[PDB]
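Coordinate inspection notes
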Amino acid sequence: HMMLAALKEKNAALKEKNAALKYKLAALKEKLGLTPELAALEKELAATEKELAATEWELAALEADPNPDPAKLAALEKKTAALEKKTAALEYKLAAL
């Protein structure tokens, strides 16, 4: 439960970051036009968003489980860390524009 509570908080921060990146992306599209780089970053943001939605389903099932599988919890933890790195990389690509 302790490790699952932290994963829920990390997921919450990731959804908030993804939303703000959406508004930054759209703002950059206005300032610079639809450049091929922005189109690539939008495609990467849309993908990352879909993986974030999928892992929230895993959080919910693990929360409902009276004895949550440590293996599934560890799989979610590594997936959350990968998405945190992917989102931070996308944030840097956007800030560089």
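Refer to the structure above for everything that follows.
**Quick look at the packing of helix α2 (residues 36–64) against helix α3 (residues 70–95)**
- Two numbers describe how α2 lies on α3: the axes approach to 10 Å, and their chain directions differ by 155°. Regarding the angle of α2 to α3, the classification is roughly antiparallel. The crossing of α2 and α3 is left-handed. Residues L38, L41, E44, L45, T48, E51, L52, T55, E58, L59 and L62 of α2 form the contact with α3, whose participating residues are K72, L73, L76, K79, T80, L83, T87, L90, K93 and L94.
- Its residues assigned to classes, the contact of α2 with α3 comprises 11 nonpolar, 4 polar and 6 charged.

**Section: helix α1 (residues 2–32)**
- Along its 31 residues, α1 runs 45 Å from first to last C-alpha, staying within 8% of the 45 Å computed at 1.5 Å per residue.
- Immediately downstream of α1, the backbone of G33 shows phi near 80°, a positive value.

**What to know about the pattern of salt bridges**
- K22 is the partner of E49 in a salt bridge, and the nearest nitrogen-oxygen pair spans 2.6 Å. Placement of the pair is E49 in helix α2 and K22 in helix α1, with a sequence separation of 27 residues.
- Note that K29 is salt-bridged to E42, the shortest N-O span being 2.9 Å. Here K29 is found in helix α1, whereas its partner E42 is found in helix α2, with 13 residues between them in sequence.

**Some points on the packing of α1 against α2**
- It is the contact of α1 with α2, at a shortest axis distance of 10 Å, that shows an interaxial angle of 160°. The angle between α1 and α2 falls in the class roughly antiparallel. The crossing of α1 and α2 is left-handed.

Rules of the game
Residues numbered from 1 in each chain as written, not as in the entry; some residues may be left out. Heavy atoms only, no water. Residues with missing side-chain atoms left out of burial classes, pairs and counts. Axes fitted to C-alpha atoms, helices over the stretch in contact; angles between N-to-C directions. Helix = DSSP H or I, 4+ residues; strand = E, 2+ residues; numbered from the N terminus. Parallel < 35°, antiparallel > 145°, perpendicular 65-115°, else oblique. Left-handed = near helix turned anticlockwise from the far one by under 90°. Contact = heavy atoms within 4.5 Å. Nonpolar A, V, L, I, M, F, W, Y, C, P; charged D, E, K, R; others polar. Expected span 1.5 Å × (residues − 1). Salt bridge = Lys/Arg side-chain N within 4 Å of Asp/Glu carboxyl O.

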